[PDB]
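Quick notes on the structure that follows.
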Amino acid sequence: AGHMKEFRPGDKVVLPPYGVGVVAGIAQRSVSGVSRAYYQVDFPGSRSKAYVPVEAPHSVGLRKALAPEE
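Taking the working numbering as reference, the numbering of the sequence shown is continuous, increasing by one, and the terminal residue is 243.
Here it is in structure tokens:
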């Protein structure tokens with residue numbers, strides 16, 4: 174089980190159309206008169222970022238990546 178956070182900074186995650194990204198930190202955005210936390214993602218080759226909701230991070234299609242062993 175968890176506690177409050179799910180996605181940690183530097184954790185290898187999949188986010189299309191890029192296919193791979195890394196979380197940077199919890200950035201709270203001011204929208205609808207309410208501050209909401211969003212995982213600031215960063216991808217190589219550009220400065221593009223995707224603000225993933227902390228309430229439903231799997232709803233957008235965010236999953237944990239995996240690497241081989243050998």
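Even for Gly, the Cβ is constructed at its ideal location relative to N, Cα and C.
Item: Rounded separation between residue 174 and residue 236 - CA only; Value: 17 Å
Item: Nearest-angstrom Cα separation, counted from residue 179 out to residue 231; Value: 10 Å
Item: Cα-Cα separation between residue 240 and residue 197, rounded to whole angstroms; Value: 20 Å
Item: Beta-bridge partners of residue 194, as assigned by DSSP; Value: 186
Item: Span separating the alpha-carbon of residue 213 from that of residue 226; Value: 10 Å
Item: Rounded straight-line distance, which links the Cα of residue 224 to that of residue 192; Value: 16 Å
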